[PDB]
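**Student:** Residue numbers (PDB author numbering), protein chains in the order written: chain B, 16 to 524; chain E, 25 to 541; chain D, 26 to 533; chain L, 27 to 539.
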Amino acid sequence: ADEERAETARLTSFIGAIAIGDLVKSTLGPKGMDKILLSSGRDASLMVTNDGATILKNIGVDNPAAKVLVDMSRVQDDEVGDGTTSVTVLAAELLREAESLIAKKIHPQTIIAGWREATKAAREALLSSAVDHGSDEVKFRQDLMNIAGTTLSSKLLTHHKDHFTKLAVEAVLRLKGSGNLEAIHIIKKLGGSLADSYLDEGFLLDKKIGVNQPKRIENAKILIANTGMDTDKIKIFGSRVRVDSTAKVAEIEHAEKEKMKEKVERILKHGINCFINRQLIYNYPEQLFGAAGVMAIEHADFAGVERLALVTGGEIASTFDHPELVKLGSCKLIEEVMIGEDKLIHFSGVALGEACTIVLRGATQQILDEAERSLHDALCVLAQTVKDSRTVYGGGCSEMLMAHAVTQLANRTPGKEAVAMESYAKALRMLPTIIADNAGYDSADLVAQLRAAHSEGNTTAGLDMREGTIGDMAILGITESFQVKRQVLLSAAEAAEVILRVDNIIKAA
Amino acid sequence: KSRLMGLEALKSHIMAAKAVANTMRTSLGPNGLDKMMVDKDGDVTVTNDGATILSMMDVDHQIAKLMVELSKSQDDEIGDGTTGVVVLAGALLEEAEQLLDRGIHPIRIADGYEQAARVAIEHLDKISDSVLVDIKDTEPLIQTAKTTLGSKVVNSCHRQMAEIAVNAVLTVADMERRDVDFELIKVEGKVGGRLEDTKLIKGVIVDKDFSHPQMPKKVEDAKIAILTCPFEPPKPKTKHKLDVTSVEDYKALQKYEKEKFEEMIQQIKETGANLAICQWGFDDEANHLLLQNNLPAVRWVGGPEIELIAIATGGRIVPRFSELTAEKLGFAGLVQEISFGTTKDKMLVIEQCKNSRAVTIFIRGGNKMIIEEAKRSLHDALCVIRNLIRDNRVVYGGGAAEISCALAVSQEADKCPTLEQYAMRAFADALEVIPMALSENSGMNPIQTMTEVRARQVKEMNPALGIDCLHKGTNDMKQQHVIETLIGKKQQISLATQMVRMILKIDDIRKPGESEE
Amino acid sequence: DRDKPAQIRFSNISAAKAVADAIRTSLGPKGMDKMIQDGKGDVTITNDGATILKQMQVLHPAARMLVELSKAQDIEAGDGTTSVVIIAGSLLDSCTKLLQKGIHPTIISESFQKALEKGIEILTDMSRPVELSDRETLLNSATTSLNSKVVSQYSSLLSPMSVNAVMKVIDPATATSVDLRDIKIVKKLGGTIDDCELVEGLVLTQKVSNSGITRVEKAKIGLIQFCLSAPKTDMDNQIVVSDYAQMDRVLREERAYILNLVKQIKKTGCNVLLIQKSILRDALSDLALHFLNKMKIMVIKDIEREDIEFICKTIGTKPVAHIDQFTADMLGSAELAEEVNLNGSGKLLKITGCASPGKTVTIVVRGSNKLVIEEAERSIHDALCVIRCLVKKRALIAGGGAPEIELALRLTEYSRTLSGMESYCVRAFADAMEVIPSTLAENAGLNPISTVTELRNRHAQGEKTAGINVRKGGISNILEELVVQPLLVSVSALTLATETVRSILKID
Amino acid sequence: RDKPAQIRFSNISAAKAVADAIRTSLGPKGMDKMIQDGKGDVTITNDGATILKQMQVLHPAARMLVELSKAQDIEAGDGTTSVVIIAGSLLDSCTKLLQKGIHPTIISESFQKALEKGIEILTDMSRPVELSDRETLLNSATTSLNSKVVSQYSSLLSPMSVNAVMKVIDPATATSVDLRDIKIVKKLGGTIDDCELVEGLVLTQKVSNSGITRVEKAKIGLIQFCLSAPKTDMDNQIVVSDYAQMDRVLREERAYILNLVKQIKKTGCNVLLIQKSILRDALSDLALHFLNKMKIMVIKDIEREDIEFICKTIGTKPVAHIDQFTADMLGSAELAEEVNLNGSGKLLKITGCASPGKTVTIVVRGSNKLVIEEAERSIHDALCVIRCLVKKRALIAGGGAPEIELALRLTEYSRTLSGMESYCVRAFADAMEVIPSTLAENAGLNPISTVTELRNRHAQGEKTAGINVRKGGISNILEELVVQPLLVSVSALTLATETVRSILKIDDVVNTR
């Protein structure tokens with residue numbers, strides 16, 4: 016096999032991680048500038064992104080350390096709901112930081128152990144940088160709005176974000192029980208502009224059964240159901256169907272009709288005003304449902320079927336293990352409505368008011384699918400910002416706080432740790448550099464200013480990267496939810512060390 | 025045809041044990057920087073006990089080719105110090121060549137190394153104590169079962185995992201009259217739980233087989249009734265069905281199912297338990313009709329799986345539907361359906377108190393690699409207690425036993441003299457390597473660290489103290505509670521000079537032009 | 026560490042500037058047309074960049090971006106085509122310097138992107154409103170804007186066709202954007218430029234009906250998006266091959282279906298059936314199709330589904346993939362549906378009038394030959410586009426880059442007053458402008474330098490006391506002979522370029 | 027930088043390469059060399075002891091070994107190789123420690139540790155000798171003279187070696203009694219048995235003829251003037267454009283000096299040491315005849331050391347010009363003697379001279395030069411080996427053997443020290459044993475037999491005993507009739523010890539501007 020030992024593998028641990036840093040840091044922040052995505056399998060085909068996650072794929076990653084961070088990115092991207100491009104260069108900075116120092120002969124043992132509590136040293140400061148915002152609801156409104164445009168900013172929606180910055184928080188504003196991805200119903204449908212993106216307050220079926228079933232039913236008793244009206248699922252009534260003869264087609268047709276008529280009548284025994292079937296509904300039953308004055312929605316969307324059941328407070332048929340036993344949803348209105356260009360069956364009066372159906376209106380799907388995707392990312396933060404309504408001063412400000420904290424802790428701890436911890440505290444101060452370098456402004460100025468600012472202990476004043484000056488962190492919007500940083504501050508302050516442990520690297524390829 | 029002579033060979037010989045043992049020297053102790061393995065397909069994984077990474081390494085060299093074999097029995101009986109011997113077997117050679125660099129026979133010093141082992145052995149035999157006992161040994165094992173799982177998978181391990189690890193051993197370790205071997209104890213990995221969560225089982229635990237939950241999902245008794253044959257009409261794990269010619273034959277068809285169940289049940293009922301392990305699978309339909317009948321079966325059981333529950337219970341598998349006895353069924357002090365985690369179906373928990381030929385500790389896990397990393401860690405420590413429970417012998421060292429035996433064996437070479445005066449000196453120099461060369465990987469200085477426990481040998485010998493392999497503030501083997509089985513280090517003494525002699529054995533290097541495969 | 030991106034950005038902007046430079050000769054009508062042997066080793070002869078840039082192109086991503094940037098101006102305005110290509114490198118001439126000069130790439134972007142709006146805003150000062158409500162004025166101005174350009178040939182006839190087709194689908198006095206969405210451009214081989222004409226319902230591919238009546242008035246417009254056929258083996262007739270009675274009997278299977286499937290077509294009933302091409306079908310049973318039209322439903326088969334898509338919207342015939350989808354709503358309601366084989370050569374079903382949303386227009390483009398048809402199209406496409414731009418832009422602006430020679434002065438002037446790091450940029454921003462009309466002053470032949478320099482003062486005087494007059498190719502009022510264009514092609518070329526130049530600065 | 031690191035290695039490269047082949051030591055081993063020199067000069071070379079000093083090396087690191095060679099010899103007179111060859115043993119440990127990663131200062135300081143621990147053991151083993159009694163003086167002379175050129179003439183040279191130091195001997199033991207007081211005067215004529223240890227100041231002064239200052243009340247003077255005459259000191263009014271003008275001034279020159287040499291004869295001083303300082307040329311070539319005419323020994327511009335021997339030993343100072351006669355600061359000699367053995371040879375003996383209990387003078391005599399040589403060098407170390415005893419007494423062994431005894435016993439100190447240096451001293455401790463192996467190394471084929479056993483044997487003979495390279499066989503090495511004074515090796519230890527840490531004290535090499 017091929018063993019990459021420490022130094023070489025460490026330089027190899029560097030090659031990807033450091034160079035992967037180059038782009039994701041270049042894209043770091045809104046004034047973070049894009050990297051061309053060259054598709055080497057598909058033509059040369061060019062793509063332009065402010066996001067590193069998309070970069071991690073198009074040109075694949077050989078470097079294991081960088082290959083590791085692709086997890087960390089996605090991990091942080093998916094879990095934190097943000098910090099995609101951030102946590103990555105964060106591992107690039109310290110490895111870069113550790114380069115000369117492990118090239119200074121300093122053990123990663125020395126290094127890792129140093130950055131270990133250094134990582135924790137930022138925490139208490141971070142835990143101190145925790146700024147409760149959203150504690151009040153008017154806070155929570157602006158608190159959500161604080162981080163509403165924050166996540167979508169580096170998730171590469173620069174246009175309709177504002178329109179969603181207003182939308183996404185509203186759905187999250189009502190929750191207040193917990194940040195909810197289920198009660199909140201996510202719909203994105205073509206028609207209208209992307210600033211025409213809509214919020215249905217209630218459940219929504221983007222399904223439309225049309226007038227084939229009753230379109231308008233008020234105070235509608237819902238049957239949330241998996242119950243097959245053609246396929247005819249279990250608790251089956253009959254003999255196992257068989258064909259023994261040429262003309263046998265008749266009886267199987269007649270045998271299923273009863274089996275269909277049973278679940279019709281059985282679900283007609285719910286008295287439900289609207290039948291919602293996660294499976295389809297055949298001609299014989301649907302003409303029975305339609306003659307029963309019941310709206311029968313066929314093959315309704317699976318999570319929505321539960322979301323319907325949830326938000327309308329009803330129960331799902333449980334695969335017709337409950338013939339009558341499934342509880343019934345009741346919403347004051349079932350109305351097929353045209354929002355944008357398309358008719359969707361809108362359920363308002365659903366039992367959950369915190370529940371909101373955001374109906375995203377595509378001008379095209381290619382932005383619309385990217386819309387909700389990046390839009391769903393703030394929700395993670397927002398949902399966890401519902402749970403922890405808290406903030407941390409962004410723009411590298413909490414950095415400079417945690418910098419001094421560990422920068423003094425370097426001089427407070429000192430030793431083989433402060434060997435590493437200073438290198439650590441530099442990557443703390445390296446974050447304010449990138450966004451300012453992305454913004455093309457003097458970092459050593461804006462850093463050592465913000466240093467002097469946090470040397471005066473001003474974390475309410477920070478690098479404000481819109482204009483890219485040093486300025487207030489008042490929660491101008493430049494402030495971040497406490498969730499993100501503690502999350503983003505973590506995995507790279509881990510993985511970089513974790514990468515420092517692997518030294519002998521045996522590559523059997 | 026080529027022949028690479030002597031030093032040429034020796035040069036070739038040394039080209040591995042320098043670096044490939046340094047792979048261990050870089051990995052010595054937890055503070056030893058751990059070994060990533062990227063596969064033939066490019067699959068990255070972190071490794072230690074580098075016989076792992078050496079098997080994961082693909083051998084281009086006979087020493088590399090050999091070392092995996094030399095490393096095996098160490099990782100077999102002891103389970104730990106796999107990093108030590110490879111270093112130590114890789115080290116002394118470096119001293120040994122230096123003596124042929126001095127112009128000394130490999131012949132002579134190896135001999136003087138062979139008994140240098142012996143004189144270190146007795147010297148090693150002094151260290152710690154050669155007896156630990158059930159209440160005593162556990163906590164130092166619970167320390168080891170920790171510090172193995174606390175170094176190598178979790179940081180604190182878990183007093184779940186530590187104790188449950190020693191108890192898995194201690195279970196059969198007591199069964200084997202103060203011995204054990206592994207097969208008697210088997211860690212069963214399944215993820216979706218937590219690393220923390222380890223179900224210590226005296227026998228098989230596998231997922232049960234039901235169809236409808238409305239029909240009973242139940243274990244019967246604590247006893248299992250093991251069947252190769254049907255408890256439910258046997259389907260040779262391939263396509264088999266039921267069919268009817270009429271609506272009435274459909275009615276005739278299902279009572280067949282229920283009566284065959286009853287037929288099978290009534291047999292398997294009266295002969296003990298009711299509870300089936302049935303190799304073959306059955307239709308998911310009449311499976312609930314068997315539940316509806318009563319007393320569930322287990323269908324689609326692995327061919328060997330029925331045998332695993334067979335003999336470990338002390339019984340067998342029922343080979344034929346007509347051939348039936350509790351012996352051909354299972355013997356279990358516990359059989360019960362138990363949900364594995366909250367994430368999936370009930371594992372049927374067979375805890376076999378009527379016999380255990382394998383006491384199988386189940387382990388849950390958060391991730392495969394880390395539940396592996398646990399299982400990785402475990403079998404390492406499983407074998408050290410296995411050394412202990414067999415003959416309870418421990419040694420304070422890795423910061424001590426070397427510099428301990430490094431002291432006297434080199435001291436012995438003073439009273440040795442001639443060909444063995446360099447041997448037992450340079451022998452113990454390889455001992456000088458590891459605890460030093462551990463501190464190498466550490467941020468502490470190995471040369472510096474050596475000098476201390478060196479000065480300690482002037483102070484104190486075979487000490488309960490030593491270097492800190494845990495990279496602590498205290499440098500001990502006791503406040504460290506670091507140790508091995510006095511077996512292990514002695515067992516580790518065996519291997520190093522064993523390859524040293526081994527590269528000597530014949531005079532024949534002559535190759536087709538191929539000395540490597 | 027950001028070295029390579031600059032190098033890449035160099036490599037980007039270089040090959041960016043590069044491909045945009047070659048057109049700056051072929052820029053304009055006096056721009057010289059290149060006969061180009063290609064990878065095919067065969068000559069290709071064009072003037073406008075887009076065709077040139079597509080017809081021979083290798084792959085450089087920035088170059089690939091510009092052929093889009095080229096296409097952009099096209100797909101945006103259908104107009105000012107050659108222009109957007111010239112401004113990019115002109116801007117990059119400023120940018121690369123400023124980048125060399127050290128102006129941060131994010132800055133230059135937002136520098137010129139801010140400075141963009143200031144340019145087109147002073148353009149709105151330059152802008153001259155013409156009546157978008159008056160068809161005549163549009164007929165007068167757009168054709169004159171077309172007479173500022175090459176083709177009046179069929180245009181001065183087809184602008185009466187173009188301005189009307191637009192005017193007919195023009196709802197507002199503003200006349201708004203009006204994409205050609207409601208203008209159906211179809212040709213007919215025979216006929217004339219005069220037999221080219223606007224028609225008020227959707228002309229359908231030929232008329233493909235076998236027994237289907239040659240004309241059915243008040244047409245339910247059926248659509249067949251599903252097969253007419255019983256299952257296949259070796260034909261619409263399903264043939265199991267051994268002995269010929271089975272394949273004779275499976276007909277009873279096959280024959281009845283294609284009859285009933287048709288009987289089902291006439292159940293709900295259709296006066297016209299839209300049927301797309303049979304290769305836009307898996308296949309269509311003639312057995313059905315015979316008995317189909319033999320139940321007397323007039324049909325068009327062999328029609329493009331995108332025609333159908335055009336037809337599904339403009340006359341509102343909702344897509345029918347199925348017989349449940351046979352319904353008076355999904356079966357479009359035509360006022361009249363006929364076929365005309367005549368008034369020239371070729372056959373087409375003429376829907377003349379219909380139930381239609383958004384008005385509707387089809388123009389059936391005819392001529393003594395295909396070329397007379399072809400340039401007629403090329404006569405309208407400009408007219409089609411220049412109107413929909415001129416109506417998209419309330420005012421009009423004279424052409425020849427003289428507004429830029431105005432504006433290059435204007436912004437550089439304010440770029441002083443702007444100050445900021447971008448003063449150097451926003452001047453150089455505007456400074457990029459005059460190079461383009463210079464290149465025209467070179468492309469028409471003149472001193473590109475002497476003149477446009479002087480025009481900046483000419484455009485410092487009356488702002489037009491002079492301009493770049495293409496037939497004169499020199500210092501002249503471009504209002505004395507109108508060299509004039511809708512505001513968009515100016516805005517279009519600009520708004521595109523900066524963005525295309527913007528991200529590249531932000532591109533690593 | 028890399029240059030600092032490589033140059034110490036490059037020092038260890040050139041230096042250590044030299045100090046090793048510097049052991050064939052003793053033995054009839056290795057084929058004789060006709061050395062074409064660095065300039066192309068063919069030179070037949072043998073007997074590494076002189077081949078040490080003989081060696082022409084370049085580079086700083088190689089020449090410090092010649093500097094090292096020069097150091098031991100002048101110190102003891104014995105063990106010329108002993109100080110250098112161990113620089114091979116030193117730079118053994120050095121690199122391995124630099125290969126161990128040990129710091130140069132630690133490797134430097136490691137030199138002092140083993141040194142202290144070494145001078146410990148060498149004295150521990152060494153058996154004390156009396157440097158007053160004639161006995162070990164004879165014996166240390168014996169074995170040294172047994173290792174010197176003449177074993178046969180070691181006999182009479184021994185009392186002439188023993189009495190020489192015992193002339194200059196100082197109370198009990200001390201480091202004193204140098205060889206500068208000893209004036210070795212080669213006397214052509216006679217034999218080695220005729221070599222004569224004289225108690226007093228003897229000069230190598232060789233003047234005209236004989237009977238010249240053989241008389242009694244012949245003082246030996248120093249004159250920092252010379253005699254006068256017209257055309258010597260006093261003026262000439264006549265100038266020479268003419269050979270006749272040349273004659274009358276030389277005649278007047280001769281006639282006046284003839285009166286002055288009387289005044290030297292009546293001085294009681296029959297040897298003036300005439301200043302090499304030249305007044306006109308000072309003492310005339312016309313004058314030398316006249317001073318010798320009075321039986322006064324002066325040769326033109328007398329050899330300067332004789333001037334200082336008469337200053338140092340006798341206490342003579344210049345006097346007033348012979349025109350004034352003499353202030354008679356000319357030291358007290360009632361006999362100065364020109365001795366012709368076999369009627370030949372020029373030797374000025376000052377008998378009755380003032381001597382300060384020292385300046386014993388061996389007159390090394392012979393009819394040949396080789397005869398004088400074989401005597402002169404042999405008695406020299408016999409003078410030295412006794413001077414060695416006086417300086418530092420007892421005896422260790424010789425030929426490197428007792429160092430292996432130090433080597434065994436030092437590894438025990440290397441066992442005790444428990445430092446990095448305990449290993450560093452240890453890395454050096456057994457590096458000492460290379461000497462007898464490399465002493466026996468250079469003679470031949472089928473090599474490996476005795477070498478490791480040249481070490482192993484001693485450790486088998488343990489801590490007291492080992493192999494004696496001169497007589498062969500294992501015993502207590504310090505007396506096989508194989509000895510050098512305890513001074514010689516402890517003198518050998520520190521020097522190479524010193525010089526090597528300088529290489530470590532080197533940060534990087536340089537070249538002057």
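The beta-carbon is built from N, C-alpha and C at its ideal position, and this holds for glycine as well.
Just the Cα atoms here: how many angstroms apart are residue 193(B) and residue 183(B)?
**Tutor:** Near 15 Å, if we compare the C-alpha coordinates of residue 183(B) and residue 193(B).
**Student:** Listing by chain order, which chain B residues have their CB less than 7 Å from the CB of residue 26(D)?
**Tutor:** Residues of chain B passing the Cβ test: 37.
**Student:** Can you check DSSP and say which residues form a bridge with residue 421(D)?
**Tutor:** DSSP lists 153(D) and 511(D) as partners of residue 421(D).
**Student:** Taking 9 Å as the threshold (beta carbon to beta carbon), is residue 474(E) in contact with chain L?
**Tutor:** Closer than 9 Å to some Cβ of chain L, the Cβ of residue 474(E) qualifies, so yes.
**Student:** Is the Cβ-Cβ distance between residue 454(B) and residue 477(B) less than 9 Å?
**Tutor:** It is not a contact, given that the beta carbons lie outside the stated cut-off.
**Student:** Within the same chain, show all residues whose beta-carbon is closer than 7 Å to that of residue 338(B), passing over the 5 residues directly before and after it, in chain order.
**Tutor:** Correct list, in chain order: 250 and 281.
**Student:** Going along the chain, which residues of its own chain have a beta-carbon closer than 7 Å to the beta-carbon of residue 264(L), five neighbours each way excluded?
**Tutor:** Contacts found: 271, 274 and 275.
**Student:** Can you give me the Cβ contacts of residue 333(D) inside the same chain, cut-off strictly under 6 Å, excluding the 5 residues immediately before and after it?
**Tutor:** Excluding positions up to five away in sequence, the list reads 299 and 301.
**Student:** So, does the CB of residue 343(D) fall closer than 9 Å to a CB anywhere in chain B?
**Tutor:** So, not an interface residue.
**Student:** Counting only beta-carbon separations shorter than 9 Å, does residue 353(B) have a partner in chain D?
**Tutor:** No - not a single Cβ of chain D is within 9 Å of the one on residue 353(B).
**Student:** Grab the span of the beta strand (DSSP E) containing residue 209(D) for me, first residue to last.
**Tutor:** Looking at the DSSP string, the run of the beta strand (DSSP E) that includes residue 209(D) is 208-212.
**Student:** Looking at C-beta atoms only, is the number of pairs between the region 369-380 of chain L and the region 352-359 of chain L that lie closer than 8 Å three or more?
**Tutor:** Output reads yes: the region 352-359 of chain L touches the region 369-380 of chain L.
**Student:** Taking 8 Å as the threshold, find out whether the region 267-279 of chain E comes into contact with the region 341-358 of chain E through three or more Cβ pairs.
**Tutor:** No: fewer than three Cβ pairs fall under 8 Å.
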